[PDB]
Participant: 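There's a structure below that I have some questions on.
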2 protein chains.
Amino acid sequence: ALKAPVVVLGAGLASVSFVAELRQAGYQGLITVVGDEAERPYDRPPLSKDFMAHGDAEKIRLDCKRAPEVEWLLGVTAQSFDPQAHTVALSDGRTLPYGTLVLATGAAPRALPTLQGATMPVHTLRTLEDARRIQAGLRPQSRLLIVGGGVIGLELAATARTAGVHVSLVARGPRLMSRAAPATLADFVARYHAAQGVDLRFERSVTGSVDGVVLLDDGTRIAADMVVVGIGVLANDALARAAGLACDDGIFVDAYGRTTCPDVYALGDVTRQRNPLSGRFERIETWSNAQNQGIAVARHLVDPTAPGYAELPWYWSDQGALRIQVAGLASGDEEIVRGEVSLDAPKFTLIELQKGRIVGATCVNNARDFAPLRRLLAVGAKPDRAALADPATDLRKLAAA
Amino acid sequence: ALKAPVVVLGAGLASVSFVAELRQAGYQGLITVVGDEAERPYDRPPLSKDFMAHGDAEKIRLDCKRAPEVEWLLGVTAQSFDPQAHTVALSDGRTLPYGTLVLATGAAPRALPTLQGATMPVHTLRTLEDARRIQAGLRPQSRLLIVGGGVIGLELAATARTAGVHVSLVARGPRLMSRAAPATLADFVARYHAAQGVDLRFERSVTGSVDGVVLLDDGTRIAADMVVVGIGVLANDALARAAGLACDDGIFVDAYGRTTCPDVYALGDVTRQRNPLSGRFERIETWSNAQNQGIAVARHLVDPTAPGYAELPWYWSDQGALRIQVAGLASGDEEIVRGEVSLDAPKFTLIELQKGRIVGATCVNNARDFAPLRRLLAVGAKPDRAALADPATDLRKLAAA
Ligand SMILES: Cc1cc2nc3c(=O)[nH]c(=O)nc-3n(C[C@H](O)[C@H](O)[C@H](O)COP(=O)(O)OP(=O)(O)OC[C@H]3O[C@@H](n4cnc5c(N)ncnc54)[C@H](O)[C@@H]3O)c2cc1C
Ligand SMILES: Cc1cc2nc3c(=O)[nH]c(=O)nc-3n(C[C@H](O)[C@H](O)[C@H](O)COP(=O)(O)OP(=O)(O)OC[C@H]3O[C@@H](n4cnc5c(N)ncnc54)[C@H](O)[C@@H]3O)c2cc1C
């Protein structure tokens, strides 16, 4: 079952979390991790946040201390694996044997086809190298165009505005954060960014570019010194596809992290997995999934009596003055708004319900509300909805009860 | 790998095809098939076609002759399996051991929630029992309402009209055959059915029913003596879900038929699998998939050097005077029409292309064109598009070349 030696492909958060849990759970056999980036393993959320603003990579490294006795092959690419021979072929000419192989290769930013032949700077923001490259170009009074309405681009937008950079943003949909964000939140977030000077263009797509100017599908133009594309990511599932595993922009796994190939597991951004709230398979793209799924899969490998991965989804985003936290589903049949939604000292909570049952929650500048709401969400609580609205109500009391 | 004994859950076409191929390929160990219907294994396409019209079940049985030495447990339901203990629990109190378990449990018609409390006859059409029940009610001059725009309902519509039954049809979309049928075909098919007296209602949904009358979302009513619901099917994946396999309205499998649980495979209508033309996972709902996927998975189990399942999708439908055949994708960036599209002696061929490459084809009353088109499709031929249109052109010559 858990057969030594263990080989993990990828050295991001999912991998680090997985190998630390293997050790903590008591597995003492060989663990080897192959990571294509020549970087001490590091966390990505700071890259569009404090790192983009302050530049110290030694504040963003992951703690591999809870993972003793691991050989990390950094700067090495796994090129293929042979699931019959139980081997992995590496870019440096070496081959690793495995008893258990774990694919934790993450995802990469989607390229924008219309900007393929561009003769102006066009970047994406995924790696430390990407962040350093973008940061090197955030000159005060320069012009940045962000393509896409997702959180990472909005975090970059806020960071750029704080740095004195002019920011325009083009999104193909009618709202920001179309993925897993309640409309009420998305609308407020647009109002916030507009108030901070972001030039927002909804329902537009990029059709191309000429001599430093980006073209839009309404026949207009946006001049910029740099474009940062953030229209989503694609799973890094090429090795899985070539080896015959079931994949579709993501490696399909069950709650034990098993792929369709025996002795091969997958974790984190590279996986397509069940969302227990929707009951549908989705590629979850969050820090909490990478950590939590890695831990759960490791725990169950060492102790097969342990339950499978069962945590419900959530994420956060830091956009200037907005500390955003979102859990569960973006919508149900009812939204309750706790507090006022205002640009004057923003602070509010949203609760999404389905037939009286909490299926999601949002907190903006209210971390204290978020933890008990996630607990109510996890048990599918059906609380009094006037109480949920009632600003008197203490949610922590509710959660403990 | 292929470990004896073999147990298959489900005794439909996928199962029969799979076990016959195991025997033909040379596997000589135990094979036991569990089938919940107390019926000699039978094919479903006749149920909305000649069986509905003539009623002889002994014309629709599957040939199990190429599957010698198989014990068929008919009228028995598999209630669960334990993938650790390698056992299956049966409804008759017995337990089967397995070395290799194969889930071939098909799919069941979706119920229409708005008709749940109906006090008039409401049926679906999947089984021999269903067909006999519906047929018993096809009284000449009675009124039948079909809900859904799919092929099975249209086949029933044609059969009913031939039997002197008045037929109305409600579809929520703007066209018939919204799934895997080119719009050109769907439009023609509607014209055909309307000409044969079917009362077609597009862009309407059923909101309920009262005392023998069905209610629609445009505020109107349709009286009927019988409703047959055909709004699609849902995979019978409950045993897989309970046992911890990756599922989402269908059991995920790779091209070897492997699920995420070692020693457990799945075939046919119950699977969600890669469509090589789209490169996306889909639940394929066709006779040819059930047969071909069953054969390919069996072949590779006996001979691991054999390739995985690789056949491209296709189906046919018999609707009165229309013998419809459809292969590949419904659309690309180009459609070529061979022949005239006319209700006067219907006979035409459609070819769908993507950047010059054939990605799909349709034949109406032209079986001779269909076989070479499927061959051109399989190799992704890029033929001369004037030649493809040119009625002189012989496609069989093209295919052999
Ligand atoms: C800028 C940014 C900001 C973010 N902010 C937040 C946030 O505030 N909150 C939040 O919830 N989430 C956030 N995320 C998301 C989060 O960081 C991801 O969910 C997480 O990184 C996924 O971890 P992972 O280990 O699965 O994948 P990854 O971090 O992508 O790690 C995979 C590693 O494997 C490597 N690899 C791929 N193929 C091979 C190969 N063949 N051989 C060797 N190595 C290979 C990759 O290059 C990569 O280094 C952010 C992400 C980014 C990029
Ligand atoms: C009326 C009709 C007309 C059709 N016409 C066409 C056509 O013209 N062309 C075409 O391409 N396709 C057609 N099809 C589709 C085609 O028949 C299916 O794709 C095919 O039946 C799928 O085969 P299967 O073996 O995967 O599933 P099934 O035929 O559904 O067989 C599965 C069997 O497993 C049983 N089962 C489920 N759960 C259990 C359990 N726990 N224990 C034991 N047994 C269980 C089921 O009850 C069923 O008997 C038609 C289908 C129908 C219903």
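Remember, it's 1-based here, ligands and their atoms both numbered in the order they're listed. We use all heavy atoms of the structure for the numbers below, so side chains are in, but hydrogens, waters and symmetry mates are not. In what follows, chains are A, B, ... by sequence order, proteins preceding strands, each numbered from 1.
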Participant: Quick one: do A:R94 and A:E71 make a salt bridge, cutoff under 4.0 Å?
Facilitator: no
Participant: Distance only, no hydrogens: is a donor on one side chain within 3.5 Å (strictly under) of an acceptor on the other, for B:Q319 and B:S317?
Facilitator: yes
Participant: Ignoring hydrogens and geometry, is there a side-chain-to-backbone donor-acceptor pair from B:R283 to B:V233 under 3.5 Å?
Facilitator: yes
Participant: Where is the nearest protein heavy atom to atom 4 (C) of ligand 1: which residue, which atom, and how far?
Facilitator: A:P45 CA, 3.6 Å
Participant: Is the backbone N or O of B:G250 less than 3.5 Å from a side-chain atom of B:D237, with the two atoms forming a donor-acceptor pair by type?
Facilitator: yes
Participant: Can you tell me which residue and heavy atom of the protein come closest to atom 30 (O) of ligand 2, and the distance to 0.1 Å?
Facilitator: B:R126 NH2, 2.8 Å
Participant: Which option out of B:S91, B:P41, B:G106 puts a heavy atom nearest to atom 27 (O) of ligand 2?
Facilitator: B:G106
Participant: Just by distance, do the side chain of A:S15 and the backbone of A:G10 share a donor-acceptor pair under 3.5 Å?
Facilitator: yes
Participant: What protein heavy atom sits nearest atom 37 (C) of ligand 1, and how far away is it?
Facilitator: A:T105 O, 3.1 Å
Participant: I'd like to know if B:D130 and B:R126 make a salt bridge, using a cut-off of under 4.0 Å between side-chain N and carboxylate O.
Facilitator: no
Participant: Would you please determine whether A:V76 falls within less than 4.0 Å of ligand 1 on a heavy-atom basis?
Facilitator: yes
Participant: What about A:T286: any of its N or O atoms under 3.5 Å from an N or O on ligand 1?
Facilitator: yes
Participant: At a 4.0 Å threshold, what atoms of ligand 2 neighbour a non-hydrogen atom of B:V34?
Facilitator: 43 (C), 44 (N)
Participant: Ligand 1 and A:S48, any nitrogen or oxygen pair closer than 3.5 angstrom?
Facilitator: no
Participant: Using every non-hydrogen atom in the two residues, find where A:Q293 and A:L267 come nearest and quote the distance to one decimal.
Facilitator: OE1-C, 3.8 Å
Participant: Among B:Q293, B:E285, B:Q79, whose heavy atom sits nearest atom 15 (C) of ligand 2?
Facilitator: B:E285
Participant: Starting from atom 34 (O) of ligand 2, what is the nearest protein heavy atom, named by residue and atom, and what distance separates them?
Facilitator: B:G10 CA, 3.2 Å
Participant: Can you tell me the protein heavy atom closest to atom 25 (O) of ligand 1 and the distance?
Facilitator: A:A14 N, 2.9 Å
Participant: Return the closest protein heavy atom for atom 21 (O) of ligand 1 as residue, atom name and distance.
Facilitator: A:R44 CD, 3.6 Å
Participant: Regarding B:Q273 and B:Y309, do their side chains bring together a donor and an acceptor under 3.5 Å, going by distance alone?
Facilitator: no
Participant: Within the side chain of A:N236, is there an N or O that forms a donor-acceptor pair under 3.5 Å with the backbone of A:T105?
Facilitator: yes
Participant: Does any N or O atom in B:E37 lie less than 3.5 angstrom from one in ligand 2, N or O only?
Facilitator: yes
Participant: When you measure from atom 50 (C) of ligand 2 to each heavy atom in B:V270, B:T124, B:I152, which option holds the nearest one?
Facilitator: B:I152
Participant: A:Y42 pairs by side chain to side chain donor-acceptor pair (under 3.5 Å) with which of A:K59, A:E37, A:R61?
Facilitator: A:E37
Participant: Using modelled atom types and a 3.5 Å cut-off, is there a donor and acceptor pairing between side-chain atoms of A:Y98 and backbone atoms of A:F81?
Facilitator: no
Participant: Heavy-atom pairs closer than 4.0 Å: do any link ligand 2 to the side chain of B:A290, the backbone, both, or neither?
Facilitator: side chain
Participant: Which atoms form the tightest heavy-atom contact between A:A78 and A:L90, and what is the distance?
Facilitator: CA-CD2, 4.1 Å
Participant: To the nearest 0.1 Å, how far is atom 44 (N) of ligand 1 from its closest protein heavy atom, and which atom is that?
Facilitator: A:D36 N, 3.1 Å
Participant: Would you say the side-chain atoms of B:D50 pair up with the backbone N or O of B:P46, donor to acceptor, closer than 3.5 Å?
Facilitator: no
Participant: Looking only at protein heavy atoms, which one is nearest to atom 31 (O) of ligand 2, and what is the separation?
Facilitator: B:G12 CA, 3.6 Å
Participant: Which heavy atom of the protein is the closest neighbour of atom 26 (O) of ligand 1, given with residue, atom name and distance?
Facilitator: A:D269 N, 2.9 Å
Participant: Is there side-chain contact between A:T127 and A:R44, with at least one heavy-atom pair below 4.5 Å?
Facilitator: yes
Participant: Considering only non-hydrogen protein atoms, determine which one is nearest to atom 41 (N) of ligand 2 and report residue, atom name and distance to 0.1 Å.
Facilitator: B:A78 O, 2.9 Å
Participant: Looking only at distances, please establish whether an N/O atom of ligand 2 is found under 3.5 Å from an N/O atom of B:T77.
Facilitator: no
Participant: So for B:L9, does at least one of its heavy atoms come nearer than 4.0 angstrom to any atom of ligand 2?
Facilitator: no
Participant: Report the part of A:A104 in contact with ligand 1, treating N, CA, C, O as backbone and CB onward as side chain, heavy atoms under 4.0 Å; options are side chain, backbone, both, neither.
Facilitator: backbone
Participant: How far is atom 11 (O) of ligand 2 from the closest protein heavy atom, and which atom is that?
Facilitator: B:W287 N, 3.1 Å
Participant: Among A:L103, A:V33, A:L101, A:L73, which residue meets the side chain to side chain contact (heavy atoms under 4.5 Å, CB included) test with A:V7?
Facilitator: A:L101
Participant: Under 4.0 Å from a heavy atom of A:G268: give me the atoms of ligand 1 that qualify, with their elements.
Facilitator: 26 (O)
Participant: B:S288 versus ligand 2: do any nitrogen or oxygen atoms come within less than 3.5 Å of each other?
Facilitator: no
Participant: With respect to A:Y315, determine whether any N or O atom, backbone or side chain, lies less than 3.5 Å from an N or O atom of ligand 1.
Facilitator: no
Participant: Are any of the N/O atoms on B:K49, whether in the backbone or the side chain, positioned under 3.5 angstrom from an N/O atom of ligand 2?
Facilitator: yes
Participant: Below 4.0 angstrom, N of the basic side chain to O of the carboxylate: do A:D249 and A:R110 qualify?
Facilitator: yes
